[PDB]
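Just one chain follows, in the form deposited in one PDB entry, and it is written as structure tokens.
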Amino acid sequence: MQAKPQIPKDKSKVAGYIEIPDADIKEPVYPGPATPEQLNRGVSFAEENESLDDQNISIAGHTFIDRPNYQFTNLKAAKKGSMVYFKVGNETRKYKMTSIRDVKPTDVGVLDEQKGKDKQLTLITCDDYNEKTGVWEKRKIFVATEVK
């Protein structure tokens, strides 16, 4: 049932690589719970139980406005139809944006991992972590789905 790819328990080791031209993004992702002290080293899945095969992979990346060339900084520049390429071990898959939610944050797609459609890539930003509720203050989201 649950997938079991080559996820290295070393939260300090590249588990894959996201790549997008519309946002000139090209950064690694560590296997673990999207934490601030960690994503500071780069990007990481949104949950520690994520895998390179979870029917729904949710990622979290930083976005410094004063750095138009970082993790999730340019992803905001991306737009619907913006395809992407998730690298894993010795192979690269691809997706096609088809449902932007960065608009209102409360939408039937905060994770879209409980739905039942086809493989999907949920995107999440991480900046200005608020210590009030212990969550990422702002949280824009974008989702895509496997193509043909």
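Numbering starts at 1 and runs along the sequence shown.
Unshown form solved in complex with a partner chain; subsequent notes refer to it.
Shown alone here, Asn90 lies farther than 4.5 Å from its partner chain in the deposited bound form, counting heavy atoms only. Put simply, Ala46 is close to its partner chain in the deposited bound form: some heavy atom of it is within 4.5 Å. Among residues of the shown chain, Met97 is not one whose heavy atoms approach its partner chain to within 4.5 Å in the deposited bound form. Proximity of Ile124 to its partner chain in the deposited bound form: non-hydrogen atoms within 4.5 Å are present. The three residues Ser58, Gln114 and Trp136 all sit with a heavy atom within 4.5 Å of its partner chain in the deposited bound form.
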